[PDB]
Amino acid sequence: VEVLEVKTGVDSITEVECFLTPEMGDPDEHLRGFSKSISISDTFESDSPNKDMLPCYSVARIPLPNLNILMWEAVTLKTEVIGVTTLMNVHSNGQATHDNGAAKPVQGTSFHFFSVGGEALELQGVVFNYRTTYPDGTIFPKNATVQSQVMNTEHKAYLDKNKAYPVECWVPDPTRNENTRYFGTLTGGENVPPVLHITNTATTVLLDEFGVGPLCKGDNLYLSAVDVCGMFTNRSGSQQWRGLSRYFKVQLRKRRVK
Amino acid sequence: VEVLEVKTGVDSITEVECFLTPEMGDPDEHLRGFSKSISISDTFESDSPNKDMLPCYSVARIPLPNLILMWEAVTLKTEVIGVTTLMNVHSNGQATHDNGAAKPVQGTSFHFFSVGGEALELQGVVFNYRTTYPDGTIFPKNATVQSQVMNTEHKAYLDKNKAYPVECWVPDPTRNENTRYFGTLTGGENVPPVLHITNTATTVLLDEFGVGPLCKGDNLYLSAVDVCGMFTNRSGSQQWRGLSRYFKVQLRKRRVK
Amino acid sequence: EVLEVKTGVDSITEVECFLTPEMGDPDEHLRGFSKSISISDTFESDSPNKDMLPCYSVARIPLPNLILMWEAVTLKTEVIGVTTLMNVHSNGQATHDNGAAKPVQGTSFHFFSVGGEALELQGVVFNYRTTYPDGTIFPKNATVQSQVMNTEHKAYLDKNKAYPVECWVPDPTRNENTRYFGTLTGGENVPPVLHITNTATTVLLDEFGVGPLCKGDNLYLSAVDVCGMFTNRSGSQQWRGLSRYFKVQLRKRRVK
Amino acid sequence: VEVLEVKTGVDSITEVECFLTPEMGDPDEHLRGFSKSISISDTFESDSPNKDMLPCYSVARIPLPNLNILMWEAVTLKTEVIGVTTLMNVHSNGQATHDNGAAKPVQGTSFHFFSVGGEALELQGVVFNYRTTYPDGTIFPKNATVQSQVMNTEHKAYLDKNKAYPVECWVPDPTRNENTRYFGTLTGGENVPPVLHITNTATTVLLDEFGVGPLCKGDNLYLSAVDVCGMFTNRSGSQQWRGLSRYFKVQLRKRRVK
Amino acid sequence: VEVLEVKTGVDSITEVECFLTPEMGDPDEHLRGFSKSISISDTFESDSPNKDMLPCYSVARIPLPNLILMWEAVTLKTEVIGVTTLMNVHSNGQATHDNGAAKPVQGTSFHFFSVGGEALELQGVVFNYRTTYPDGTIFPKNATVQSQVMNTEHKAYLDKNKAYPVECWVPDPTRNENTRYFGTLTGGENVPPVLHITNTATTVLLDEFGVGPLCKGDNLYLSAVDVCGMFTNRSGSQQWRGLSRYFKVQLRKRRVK
Ligand SMILES: CC(=O)N[C@H]1[C@H](O[C@@H]2[C@H](O[C@]3(C(=O)O)C[C@H](O)[C@@H](NC(C)=O)[C@H]([C@H](O)[C@H](O)CO)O3)[C@@H](O)[C@H](O[C@H]3[C@H](O)[C@@H](O)[C@H](O)O[C@@H]3CO)O[C@@H]2CO)O[C@H](CO)[C@H](O)[C@@H]1O[C@@H]1O[C@H](CO)[C@H](O)[C@H](O)[C@H]1O
Ligand SMILES: CC(=O)N[C@H]1[C@H](O[C@@H]2[C@H](O[C@]3(C(=O)O)C[C@H](O)[C@@H](NC(C)=O)[C@H]([C@H](O)[C@H](O)CO)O3)[C@@H](O)[C@H](O)O[C@@H]2CO)O[C@H](CO)[C@H](O)[C@@H]1O[C@@H]1O[C@H](CO)[C@H](O)[C@H](O)[C@H]1O
Ligand SMILES: CC(=O)N[C@H]1[C@H](O[C@@H]2[C@H](O[C@]3(C(=O)O)C[C@H](O)[C@@H](NC(C)=O)[C@H]([C@H](O)[C@H](O)CO)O3)[C@@H](O)[C@H](O)O[C@@H]2CO)O[C@H](CO)[C@H](O)[C@@H]1O[C@@H]1O[C@H](CO)[C@H](O)[C@H](O)[C@H]1O
Ligand SMILES: [K+]
Ligand SMILES: [K+]
Ligand SMILES: [K+]
Ligand SMILES: [K+]
Ligand SMILES: [K+]
Ligand SMILES: [K+]
Ligand SMILES: [K+]
Ligand SMILES: [K+]
Ligand SMILES: [K+]
Ligand SMILES: [K+]
């Protein structure tokens, strides 16, 4: 596509506003937003995580007003993690930090990630341990070899289904994704404190170095997210991932292309 | 509402200067600024916190000079009041080691403030949907398991002081177009408070179109939470500790149609 | 009414000085330290000794006699003696067997201000039943409301080694003729992070281009630099503070 | 070299996109991306690490389109660590952080480093311990003396081979490297949390203070990297370095020289 | 001097490139870059550190081309050399836990550098005025209890290498107008070193008037400290570990009156 002028006028702009719920595993009817308690395999060879123990990428495909050549161009993003103050519940079946103390709050490894694109997020598969057996009902790197622990170019995929692509074995493919803007931070360590900021005054500009945002193929906007905030420790010491929803507001304009 | 010109002239500006006290629970006549000591339920379904154990949002509705003109909030200076109180490490706390000073206030903090031309709009989200919030608090009603991530039924206005518990409400990012809000949750049992003070910092409240919050009915709404962390008693029991927040807001008269 | 700045060689002056810390100085050998910290047996019985309480430092500096008033325009400031915290061999508490001594660490408060009059203070107490000791100036008639905000507790930082750090802060409702800056970093294991350089200048002008205007040709400097606590071999702990350098540039301003 | 004007026209620019795999030691056929478990000598003098326990620098020499005097000038870099979310696998033969807890995640000492130049990265040898015996199959500071613990100007080398130059005994030589741009961070400490950021929106400009980027001698571009993320702790407590691959995208333009 | 114009043209600029080795104590023929193991006095009064246990400031005086014109230092690039040595966690250190790797170098650090047209000016400050500093070091003389906070008698020049202990001297902020200095003390026994390297970062040495350090007698003075932390031996004994610092300074000729 050769990119030409922006359309102007009342009709030329539109907005998407929505939220993506986290997909942490949801091990039972009371534990939406949590994973199953984490168990550790006896050996590398025997690593076989159950689906409800594996956080997955969230994705939404948002239909835009039909245009047809014009395409919707995503220009700005406001985004926020929803429910940050829930982590102040340190009185609910947790593990006391010391005798008579409050419960240990959610903490430890986090991944906060979001993207806005004009097509599905492109994924590259990378595994901690290539002998991990990923479970039925997930989509994972197939024919994994030892080289998959560092880089195996066979593992290419699209983030095209919710509750399906486990976080731990996929990343945005930096060799593609030219029509998407993605941003993420993995903060490791078992004791790391969550640090969650909220404001309605911050905008991210989605334009590239040529002044062009993601262009929405087939008039669909793709939003993706992961917000694994840390782990919740219950009184037994067992730990579960806890996630939160992410708010998106995207402003778009119509752009002519050839 | 179409927004038109700003008014000028000596008459056209005003300032609001005040403080909001923290609402940490205040379990007895001696414990203003603290919560009740925190206990832990044996199961999710038995989580039933006492009201005096729950920090709540602070809010103040400030009447402005009667005025279509509307007062437009343009700048904010804000500060946490009494930061140095956290240097009292001698008041029946828990020695960090034999012969040592008391463990200082630390752990989970939430520092939040907002300035708007109407009540802060809230979205309820719960850690655990089977938590029973107590009498005298206002809380997400008809909670379901979906309320643990997002249930759009839980909409409210921060319209009452010491009533909305911090842990089950956040600013609603889907609304709040006429408010500016800012907050940080810093988690962890051992996180050190880091509290900055200065009278030289100003936050501009104008949006991307140059328009600040417009005060409906000539009222300015200020909201805050400043849970600084937990105080650990000698016994090991822990209480939230909060501090007041100073606000100075400058406003100008704006014509609307 | 602030009018024009005077120019010419004669129109500027500089103040350069240091403020020593006032940590309690429990004996003739312990300048810069507090008395070891004890913990009350009950919350109600909190009663810290004077020599256990760090206090605000203040200096009033006379300026050249001058309507014109000296206007403070810039500040350079620095903590003096940051490397002393590398002494980990002076009867401290070994971090483990055969190890060096635990360094100074823990709760710190670093604060400085420059004004044309005394810093204005607001009293706030951690515990309203704390008995503050004879020889200190503290919030009088404290009530439970003093734990969060009691507007009765107003004061001027007008005396050195007197106003305890823990029960006073800069009053944000006043201080229009002062510029102040402070950070409390709390936690028993927090590391000191102390930067020094002679290349960084703070501008003291407000949003209208006006710096503090020095009433009576006096400049007021205040500081706190509680760096953390030193832990003795026995486990007892003392606050340790350090001196602060100030360099302030001033210019003559006409006022009506 | 006198540097003259930049060529223009559609023909005057090119891009290199690739990835460099980590070289952590690879102790067996299942442990690509890991080192051998780390052991400790019994005396300072007897330090003698095995080759498979020593992470090494990665390097790639990338042939560029033939010129000829024109040279390719490297102007911009996008780079990213690939597979950051692998660190979320805390269920694979690790050491529980407490009773019933999840596995301790990868953490501890990290070195993240990358460079782009018009010739091989120039190295200076520095050793923690001059009496360390570096193993056969590595290239290490020769004839080390006590002065080599701080600075011995004899130890000059070029990063010209993979799986050869151990990270711990070489650094970029700050006294040379004028035709290279390098960037690195050592974060030391056994419990340091990894903090890994990903985005496709960040570009580094490689131009120096005269507006000139690395000039590619012989039409070769040199990319180097190290991404030791931390250590993985096994059930028994033994620890292995864990590394990840690094993506590079470099934009180049033709520059006339005399 | 009145500072006049910069000279232009051929031979109006020059560069200095060098490195300064650390002076950590060097307790034997094998331990260049380390201190003697750190011992703790039995009483506060009896503090008496051995010379080889005390890191010292590094200094180099670099002769410039002979020139009134004076060489004016305009820019600096600097780097710590050998940052990756801290990845040696296999050399008779102390395992962090059963079967683990050795504890890496960590804890209290001081990273400092200056560039000036004359010797760095020092002010003495002591942690403990009853500390007996050892023969062969240059230290605050006639120390009194006031020396624990500020005693203006302790003035010195950093005019000798491996002589001025780091712990009892700092740059004198009341002087040093013809030097630019930068440092950071990071304290705590477990602080992680964070060491950045790049050849793309330049510091400009010009003051607010556009004037860099002017080199009296055509000599440039470079000073450094890079105590990276402590190495913990298998036995638990600890030694300071330091690294060399690279300097590249660009200078120009300046006429003065
Ligand atoms: C364990 C011990 O005796 N330490 C004392 C030390 O002895 C020297 C050797 O010990 C180490 C160490 O301190 O652990 C071994 C390390 O690998 C060395 N590390 C490096 C990087 O060199 C350090 C280091 O050289 C010094 O600490 C630097 O000052 O030394 C010890 O193994 C050796 O033992 C000899 C023994 O003397 C001899 O009779 C026997 O036949 O063979 C043994 C093995 O060769 O002796 C070394 C001294 O020659 O020496 C230092 C001197 O500074 C101290 O005396 C240290 O004692 C500890 O000091 C602590 C204070 O930091 C604390 O007070 C402890 O209570 C002391 O035990
Ligand atoms: C030790 C004890 O019995 N704690 C009770 C508490 O009894 C209080 C007094 O205890 C203390 C405390 O918790 O250690 C003493 C402390 O100095 C006080 N601190 C302040 C700043 O006031 C606190 C504080 O007032 C309360 O915790 C606020 O809720 O109280 C005790 O010494 C005295 O004999 O009796 C007093 C009567 O109340 O009462 C609390 C009422 O909420 C609790 O019942 C507390 O029980 C402990 O609670 C822990 C969880 O928070 C845990 O479950 C322990 O097992 C339980 O003993
Ligand atoms: C161990 C002891 O008896 N501590 C007393 C103290 O006695 C001091 C001397 O003790 C020390 C110390 O506290 O360890 C020794 C240390 O090297 C000194 N450090 C410095 C930098 O000078 C300190 C220091 O001078 C004081 O703590 C300052 O207040 O003192 C002791 O070795 C000597 O035999 O006698 C000395 C007194 O003449 O006196 C203190 C007076 O405040 C306390 O009474 C201290 O007792 C401890 O107090 C702690 C908090 O107050 C804590 O509660 C302990 O449980 C308690 O034993
Ligand atoms: K398997
Ligand atoms: K690409
Ligand atoms: K309940
Ligand atoms: K909205
Ligand atoms: K009392
Ligand atoms: K005021
Ligand atoms: K050896
Ligand atoms: K060079
Ligand atoms: K002595
Ligand atoms: K001076």
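The sequence lines fix the lettering, A, B, ..., with proteins before strands; numbering per chain opens at 1.
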Taking all heavy atoms of [X] and all of [Y], pick out the closest pair and write down the distance.
X       : Y       : answer
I38(B)  : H91(A)  : CG2-CB, 4.1 Å
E80(A)  : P171(B) : OE2-O, 4.4 Å
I40(B)  : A102(A) : CD1-C, 3.8 Å
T85(A)  : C168(B) : OG1-N, 4.3 Å
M150(B) : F19(A)  : CB-CE1, 3.6 Å
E29(A)  : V145(B) : O-CG2, 3.2 Å

[X] versus [Y]: any side-chain heavy-atom pair under 4.5 Å?
X       : Y       : answer
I198(A) : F110(B) : yes
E189(B) : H98(A)  : no
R32(A)  : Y129(B) : no

Please classify the contact of [X] with chain A as side chain, backbone, both or neither, using a heavy-atom distance under 4.5 Å.
X       : result
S37(B)  : neither
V191(B) : side chain
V225(B) : neither
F113(B) : neither
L205(B) : neither
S39(B)  : backbone
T152(B) : side chain

Taking [X] for the side chain and [Y] for the main chain, is one N or O donor matched with an acceptor at less than 3.5 Å?
X       : Y       : value
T21(A)  : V149(B) : no
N200(A) : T179(B) : yes
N89(A)  : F127(B) : no
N100(A) : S235(B) : yes
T199(A) : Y181(B) : yes

Assert top hit (heavy-atom pairs under 4.5 Å, partner chain A, pool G187(B), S237(B), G188(B), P173(B)) equals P173(B)
Which one of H111(B), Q238(B), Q239(B) has the most heavy-atom pairs closer than 4.5 Å to chain A?
-> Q238(B)
Option in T79(A), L244(A), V90(A) with maximal non-hydrogen atom pairs under 4.5 Å from chain B = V90(A)
Do you know which of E17(A), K249(A), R242(A) has the most heavy-atom pairs under 4.5 Å to chain B?
-> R242(A)
From [X] [atom1] over to [Y] [atom2], what is the distance, rounded to the nearest 0.5 angstrom?
X       : Y       : atom1 : atom2 : answer
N190(B) : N191(A) : CG    : CG    : 8.0 Å
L87(A)  : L185(B) : CG    : CG    : 5.0 Å
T86(A)  : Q148(B) : OG1   : CD    : 9.5 Å
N234(A) : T43(B)  : CG    : OG1   : 11.5 Å

Without hydrogens or angle criteria, can the side chains of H30(A) and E45(B) be said to hold a donor-acceptor pair below 3.5 Å?
-> no
Hey, mind stepping through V195(A) and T184(B) against side-chain contact (heavy atoms from CB on, under 4.5 Å) and telling me if it holds?
-> CA-CA 7 Å; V195(A) 179; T184(B) 301; 4.3 Å; yes
Criterion side-chain contact (heavy atoms from CB on, under 4.5 Å) on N93(A) and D47(B), from CA distance to verdict | CA-CA 8 Å; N93(A) 195 34; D47(B) 187 28; over 6 Å; no
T108(B)/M88(A) under side-chain contact (heavy atoms from CB on, under 4.5 Å): CA gap, chis, key distance, verdict | CA-CA 7 Å; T108(B) 300; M88(A) 298 196 89; 4.2 Å; yes
Step through the shown structure and confirm whether more than 12 heavy atoms of other residues, nucleotides or ligands are within 6.0 Å of NZ on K51(B).
-> yes
Look at atom CZ of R61(A) and say whether more than 12 heavy atoms of other residues, nucleotides or ligands are closer to it than 6.0 Å.
-> no
Would you call the rings of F44(B) and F232(A) parallel, tilted or perpendicular, where under 30° means parallel and over 60° means perpendicular?
-> tilted
